[PDB]
Amino acid sequence: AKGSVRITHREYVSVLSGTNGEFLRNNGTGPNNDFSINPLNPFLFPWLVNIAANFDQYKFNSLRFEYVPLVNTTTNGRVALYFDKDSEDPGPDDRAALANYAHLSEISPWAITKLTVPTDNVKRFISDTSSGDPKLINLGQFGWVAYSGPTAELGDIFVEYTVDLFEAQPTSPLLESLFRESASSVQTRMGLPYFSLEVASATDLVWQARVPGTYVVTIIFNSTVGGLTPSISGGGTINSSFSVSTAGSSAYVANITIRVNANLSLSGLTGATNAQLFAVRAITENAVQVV
Amino acid sequence: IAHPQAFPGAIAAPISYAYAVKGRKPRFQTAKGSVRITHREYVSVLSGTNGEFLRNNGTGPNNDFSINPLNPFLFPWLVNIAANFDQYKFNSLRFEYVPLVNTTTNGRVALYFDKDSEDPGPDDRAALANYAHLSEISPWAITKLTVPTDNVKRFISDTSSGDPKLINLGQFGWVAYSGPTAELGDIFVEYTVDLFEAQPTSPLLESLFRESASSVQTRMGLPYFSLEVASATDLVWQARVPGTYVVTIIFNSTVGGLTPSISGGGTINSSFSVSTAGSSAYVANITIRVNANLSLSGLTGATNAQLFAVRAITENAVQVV
Amino acid sequence: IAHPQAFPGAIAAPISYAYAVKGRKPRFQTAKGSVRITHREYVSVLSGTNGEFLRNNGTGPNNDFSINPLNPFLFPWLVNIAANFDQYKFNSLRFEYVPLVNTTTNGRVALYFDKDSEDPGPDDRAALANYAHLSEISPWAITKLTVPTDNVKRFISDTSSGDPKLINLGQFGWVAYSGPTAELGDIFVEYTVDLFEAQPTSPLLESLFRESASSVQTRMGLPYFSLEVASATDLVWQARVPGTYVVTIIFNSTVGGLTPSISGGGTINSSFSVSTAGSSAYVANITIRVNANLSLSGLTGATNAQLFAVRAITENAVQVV
Amino acid sequence: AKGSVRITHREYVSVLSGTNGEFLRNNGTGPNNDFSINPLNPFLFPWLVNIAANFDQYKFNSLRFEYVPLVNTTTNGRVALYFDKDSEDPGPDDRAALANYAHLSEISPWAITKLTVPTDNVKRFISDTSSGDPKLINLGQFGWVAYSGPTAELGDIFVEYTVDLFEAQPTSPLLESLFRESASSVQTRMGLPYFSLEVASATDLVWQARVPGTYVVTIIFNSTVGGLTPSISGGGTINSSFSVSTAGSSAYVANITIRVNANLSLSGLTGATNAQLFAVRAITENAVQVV
Ligand SMILES: [Ca+2]
Ligand SMILES: [Ca+2]
Ligand SMILES: [Ca+2]
Ligand SMILES: [Ca+2]
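Chains as they are written, first to last, in full-length UniProt numbering: chain A, 90 to 380; chain B, 60 to 380; chain C, 60 to 380; chain D, 90 to 380.
(1) Quick check: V234 of chain C and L187 of chain C, are their CB atoms within less than 8 Å of each other?
(2) Among the residues of its own chain, which have a CB less than 8 Å from the CB of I372 of chain D, if the five just before and after it don't count?
(3) Using 8 Å as the Cβ pair cut-off and three pairs as the minimum, do the region 152-171 of chain B and the region 241-261 of chain B touch?
(4) Go through the residues and name those whose CB comes closer than 6 Å to any heavy atom of ligand 4, in chain order.
(5) Would you kindly report the start and end of the unbroken alpha helix (DSSP H) that includes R370 of chain B?
(6) So what's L264 of chain D in DSSP terms, helix, strand or just coil?
(7) For the alpha helix (DSSP H) containing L225 of chain A, list its first residue and its last residue.
(8) Determine the direct distance from the alpha carbon of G180 of chain C to that of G119 of chain C, and round the result to whole angstroms.
(9) Is it right to say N210 of chain A is buried, meaning 16 or more other beta carbons lie within 10 angstroms of its own, or is it exposed?
(10) What does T260 of chain B touch in chain C if you count any residue whose Cβ is under 8 Å from its own?
(11) Could you tell me if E100 of chain C is buried or exposed, where buried requires 16 or more neighbouring beta carbons within 10 angstroms of its beta carbon?
(12) Does DSSP classify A71 of chain C as helix, strand or coil?
(13) Among the candidates B:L228, B:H192, B:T208, B:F112, whose CA atom is the shortest distance from the CA of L129 of chain B?
(14) Compare the Cα-Cα distances from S271 of chain D to each of D:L264, D:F310, D:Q378 and report the closest residue.
(15) Considering only the beta carbon of each residue, do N344 of chain B and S329 of chain B sit closer than 8 Å?
(16) What residues in its chain sit with their C-beta under 6 Å from that of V288 of chain D, if we drop five residues either side in the sequence?
(17) Taking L286 of chain C as the reference, give the member of C:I140, C:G68, C:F172, C:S354 with the closest Cα.
(18) Going by Cα to Cα distance, which pick from C:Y147, C:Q276, C:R95, C:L243 is closest to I196 of chain C?
(19) Please report whether the beta-carbon of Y190 of chain A lies at a distance below 8 Å from any beta-carbon of chain B.
(20) What number of angstroms, rounded off, separates the C-alpha of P135 of chain C from the C-alpha of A376 of chain B?
(21) Along the chain, where does the alpha helix (DSSP H) containing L105 of chain B start, and where does it finish?
(22) Name, please, each residue of chain B whose Cβ falls closer than 9 Å to the Cβ of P179 of chain A.
(23) Out of C:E256, C:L358, C:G324, C:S103, which has the shortest C-alpha to C-alpha gap to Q146 of chain C?
(24) For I201 of chain C, count neighbouring Cβ atoms within 10 angstroms of its own Cβ and tell me buried if that reaches 16, exposed if not.
(25) Judging by CA-CA distance, which residue of C:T260, C:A368, C:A72, C:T277 is the nearest neighbour of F268 of chain C?
(26) Pairing CB atoms from the region 81-88 of chain B with CB atoms from the region 78-92 of chain C, are three or more of them under 8 Å?
(27) Measuring alpha carbon to alpha carbon, tell me which residue in A:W199, A:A169, A:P198, A:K212 is nearest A191 of chain A.
(28) What does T202 of chain A touch in chain B if you count any residue whose Cβ is under 7 Å from its own?
(29) Is it the case that the Cβ atoms of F231 of chain A and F149 of chain A are separated by a distance below 8 Å?
(30) Does any residue of chain A have a CB that is nearer than 8 Å to the CB of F149 of chain C?
(31) Should residue 82 of chain D go down as buried or exposed, given a rule of 16 or more other Cβ atoms within 10 Å for buried?
(32) On the criterion of 16 or more Cβ atoms from any shown chain inside 10 Å, does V252 of chain B qualify as buried, or is it exposed?
(33) Is any beta-carbon of chain C found at less than 8 Å from that of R184 of chain D?
(34) Compare the C-beta of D175 of chain A with all C-beta atoms of chain C and state if any pair is closer than 8 Å.
(35) Which residue or residues does DSSP assign as beta-bridge partners of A200 of chain B?
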């Protein structure tokens, strides 16, 4: 074929972390939706996404996840990587469930292991992992568990792959538009799911970051004066900041380097209703310079 | 390669051992009369607490460390297949312990097996030694206990169907004494079973009932939960098999309501209760760990309680209130 | 031997045919990647009523005549094994009709198959003919319909998991027109499936929920029961799969109680109810037949109902009141 | 061995009957207890029982049940014989369950079929089928179903076998003693379970017959005058009768030829409490001759 491009690459999935005396599947993230293998999924494929945004279909030829320890040799416990063909089945809750997965790999946190998921031969659609039936669009589900260890960053998980992409299309949006109201509850999202919305009160706005990296965020909302209370309730660094706030109208832009699964908080709000997030991925020299 | 300032015959201690476990697909084949399954399942994590002679973690050796298969704790995956058959015979049966812990750890872990399905505990470290089928190691090491398999078909059944000595092969058990207070290793089981006589599927739900005043409690079905406190003020059930359940609990108090909680490890995902008069009912979608408790507290004049537990996924949520 | 006053080439009508069916043990074997099961299970009895064009007995062609396996109605025994796997592929699949009735009987029985898992009904006898996979016979005769098996893995799933065209192979169905009003024959299925990708066991319970006011009803798990009437005065559930269940039903009325009954074939073995305020709960141990109803009548201002059904045996009786 | 006697024989199990438009397992009898294969079970082995009463242990070498039609060739429907190794598992409720039994045999009611249950090699105890763990004492369970047919006696079920019996013992009672009270509810039974007790009121006494054949019954109880109301609420014939009734003390002896699963009723009772049944098996020329 010759509308067919083929890519081989190794990129960054996520950091595998554990908490002391807990099971902790997928870093405690939960909703086994953003761990579907479509690619397109900027959590699993943060580098492939800029390419796959330009195509309609994908087929993996080889796909392998790799754990490389960040932790030292005296560390106790166990990490585990698993893969289910059903991208929609729920995760493992206990260790007993974890062990029945056909495609499983477990090793002590200071060692290296890897998991080779099996690829089939079918073209599927590159889409949102929320844009229709999971079983039709996703090869399957990926996930990890870390138990009986300490409470720390245990390792880096990489993914190495060879995909075919097919059918060039106009680019899917490589940015995020996340809208909310007040007065309602509707929370329409458009573009990649970089950030998620935890709560939209009238006092506080909290956006949790599902995707590690450096961004430029634009947040805009309706309050009644106040505003200036930005902080990172996780591991991150507001490298550049601009704020402006008056009546029923305020706006915040910033060059955060969020990571793992950190947090973005607008605290001193007062009488807030509508709000919208705009996320794009950038470096740091994309730094805001007006105050 | 190559170790400093050493003569041969030295034994050199590493600081930690990594053993790597990969997923294992099950093998089926029919021995003309029997279906034969080979697979590896996860028994339990093995923990000890400091300064205790910790036997079977908390728990103690009861009737779900009995080998039959049909035993959700010992054979989570196999249970479903076994329900479709009437009798079984183990061919090979090995328990394997994979260390979770580094070699500065110290203490003892031990695996034992006894043919008396309802053999009581080893009472202390000295008794523990007298078993014929015993493996004792340092917690940072790997080991395995091979269970002697005899050559007799016994019925596939939950432990509530007459003499356990008739249906169960024996009893598995572990102990951790001395040593720290931590999760020391994984305990896997490797097995090859023959299943005989296909039949219509046995039910896999639990029905645990108590009265009050008669004092006796009766269980049918699998031992997912156990009843720990009777009382008229409290009802506590204990998880014996980790997982997500849709539990239905019905009982006779005198008016008042109930206060549900999960002491220990676990979360409630979807509650619903209706409590009055001399009748109350509580149905919930819980995820729970081994040895955690589901307590119904704040009861008032409660007699007669019954529990219905079935395995579900978290998303089988109760939707009314 | 030897028939009176006959020339050869004659065809001689007997008065009845006896075909004898014996029990069939299942065969397992692993095709290196897949486990392969061959077995024969009982689909349903095939009845007609007089002067009706009776399609799928009462019922009508819905989403549990869909082939997937994982389908309690079509594969009672297989369900349990299938729950332990992620995808399937049928190798051979035959439906077989064994006459229950003598040759003075008359009328037509017909078996059909359609790839559209959610193909609607054949509307009349003429439409019924247009199927490509059809078998039409006199009711006193024997026949079998062979379903074309393709060569693609599809997911093992209950019919409540996205497009049924993705997970189900096709749809089975039967019709009986003209003829008397009686039970005409047995319908067996012979199959060989390959199951792939072992996984932790899928839940086999049912969770059927409705609101009221939103009008929509949602099902998770197997289709043992179906919701037929909403109402604020009545709640009726219908058995789609014959057997004994422990059903838990919870809903929101405004005070009053409930009046349970089993219209159609079935018996209640152990009731318990608590009904007040804006919350009621009814748990029971019922044995029920295909197309019978479990009705909660005498309701008063009832919105929001949820059902939990699991297979049990009669002896899993509710013990409180 | 030479405390070992070996018997080969073919005797009468029961009549297989159906009711129109019903499933009807075991003639509607129910409690799958008196269908356990021990022998000793006077329902399955009415001829072997007189022998096995004299021994402690049994092993079957071959065992086969046989259905011979009583019904004609135009009869519709289907009979089925099944066998479970677990004498304690409940019967089949629907046809779907019936079909999953490994040892099953079904044929149209006007034809002959048979079922060969598989014998193992273990000695078990000859006992009550209520005298301890079913799985330890019974080879298994037998049973039959008749569906989609008419409402009639469809056929005779016979059993053909070869047993070894071991260990001579003093004879187990070949009679029945069934006691009841009033004032209590306790209902102690001793000997073979020929008859069962359905209700013991104060107005009526009803004994249902679990075992086809000719008997001599002695029933004795405590009322307050009255008594004389004997009848057979099934298929049977009170071939000989003696009654005597006064105050808190009455007594009935009779030579009934009960069958299938008939009934014995004492109607005109008044103020009855204690009662006891004595059943022994006899011919008819064991006829009561005093009035
Ligand atoms: Ca799955
Ligand atoms: Ca012992
Ligand atoms: Ca169609
Ligand atoms: Ca059984």
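For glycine and all other residues, C-beta sits at the position ideal for the given N, C-alpha and C.
With the given structure in hand:
(1) Along the third sequence, one-based indexing puts residue 234 of chain C at 175. Along the third sequence, one-based indexing puts residue 187 of chain C at 128. In contact: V234 of chain C and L187 of chain C (Cβ atoms closer than 8 Å).
(2) On the fourth sequence, position 283 is the one that residue 372 of chain D refers to. Only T303 meet the Cβ criterion.
(3) yes
(4) Shown in chain order are the residues whose CB sits closer than 6 Å to a heavy atom of ligand 4: B:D145, B:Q258, D:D173, D:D175, D:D178.
(5) Sequence index remark: in the second sequence, residue 370 of chain B carries index 311 (1-based). In the DSSP assignment, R370 of chain B falls outside any alpha helix (DSSP H) and within the unbroken beta strand (DSSP E) covering 362-370.
(6) On the fourth sequence, position 175 is the one that residue 264 of chain D refers to. Three-state result, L264 of chain D: coil.
(7) The count along the first sequence starts at 1 and reaches residue 225 of chain A at position 136. Here the alpha helix (DSSP H) through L225 of chain A covers 223-226.
(8) Position 60 of the third sequence holds residue 119 of chain C. Position 121 of the third sequence holds residue 180 of chain C. Answer to the nearest angstrom: the Cα atoms are 7 Å apart.
(9) On the first sequence, position 121 is the one that residue 210 of chain A refers to. It is exposed - the Cβ of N210 of chain A has fewer than 16 other Cβ atoms within 10 Å.
(10) Position 201 of the second sequence, counting from 1, holds the residue named residue 260 of chain B. Neighbours of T260 of chain B on chain C, chain order: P135, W136, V138, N139, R370.
(11) The residue labelled residue 100 of chain C in the question sits at position 41 within the third sequence. With 16 or more Cβ atoms within 10 Å of its Cβ, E100 of chain C is classed as buried.
(12) Along the third sequence, one-based indexing puts residue 71 of chain C at 12. Reduced to three states, the DSSP call for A71 of chain C is coil.
(13) Taking the second sequence and counting its residues from 1, the one referred to as residue 129 of chain B is at position 70. For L129 of chain B, the nearest C-alpha among the options comes from B:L228.
(14) Indexing the fourth sequence from 1 puts residue 271 of chain D at position 182. The shortest C-alpha separation from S271 of chain D is found at D:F310.
(15) Here residue 344 of chain B refers to the residue found at position 285 when the second sequence is read from its first residue. Here residue 329 of chain B refers to the residue found at position 270 when the second sequence is read from its first residue. Yes. Within cutoff.
(16) As a first step, residue 288 of chain D is located in the fourth sequence; it is residue number 199 there, counting from the start. Taken in chain order, the residues that qualify are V295.
(17) As a working mapping, residue 286 of chain C is identified with position 227 in the third sequence. Checking every option, the nearest Cα to that of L286 of chain C belongs to C:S354.
(18) Here residue 196 of chain C refers to the residue found at position 137 of the third sequence. Looking at the Cα atoms, C:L243 is the closest of the given residues.
(19) For this step, residue 190 of chain A is matched to residue 101 along the first sequence. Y190 of chain A counts as touching chain B.
(20) Here the question's residue 135 of chain C lines up with position 76 in the third sequence. Here the question's residue 376 of chain B lines up with position 317 in the second sequence. Cα-Cα distance, rounded: 25 Å.
(21) Here residue 105 of chain B is taken as the residue at index 46 of the second sequence, counted from 1. Here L105 of chain B belongs to no alpha helix (DSSP H); instead the beta strand (DSSP E) covers 94-107.
(22) Residue 179 of chain A sits at position 90 when you count from the first residue of the first sequence. Chain B residues near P179 of chain A: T303, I372, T373, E374.
(23) Start at 1 with the first residue of the third sequence, and residue 146 of chain C comes out as number 87. Of the candidates C:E256, C:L358, C:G324, C:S103, the one whose C-alpha sits nearest the C-alpha of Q146 of chain C is C:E256.
(24) Along the third sequence, read from residue 1 onward, the residue named residue 201 of chain C stands at position 142. Result: exposed.
(25) Reading the third sequence from its first residue, position 209 is the one you call residue 268 of chain C. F268 of chain C has its Cα closest to that of C:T277, out of C:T260, C:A368, C:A72, C:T277.
(26) yes
(27) The residue labelled residue 191 of chain A in the question sits at position 102 within the first sequence. The shortest C-alpha to C-alpha distance from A191 of chain A to any of A:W199, A:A169, A:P198, A:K212 is the one to A:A169.
(28) Taking the first residue of the first sequence as position 1, residue 202 of chain A is located at position 113. The answer, in chain order, is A79.
(29) Position 142 of the first sequence holds residue 231 of chain A. Position 60 of the first sequence holds residue 149 of chain A. Cβ distance not < 8 Å, so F231 of chain A and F149 of chain A don't count as in contact.
(30) The residue labelled residue 149 of chain C in the question sits at position 90 within the third sequence. Judged by the 8 Å Cβ criterion, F149 of chain C is not in contact with chain A.
(31) It is not possible to answer for residue 82 of chain D, since the shown part of chain D is limited to 90 through 380.
(32) Residue mapping note: residue 252 of chain B aligns to position 193 of the second sequence, counting from 1. Its Cβ being crowded by 16 or more others within 10 Å, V252 of chain B is buried.
(33) The residue you call residue 184 of chain D lines up with position 95 of the fourth sequence. The Cβ of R184 of chain D sits closer than 8 Å to at least one Cβ of chain C.
(34) Stepping through the first sequence from its first residue, residue 175 of chain A is reached at position 86. Proximity of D175 of chain A to chain C, defined by a Cβ-Cβ separation below 8 Å, is satisfied.
(35) Along the second sequence, read from residue 1 onward, the residue named residue 200 of chain B stands at position 141. Beta-bridge pairing links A200 of chain B to no other residue.
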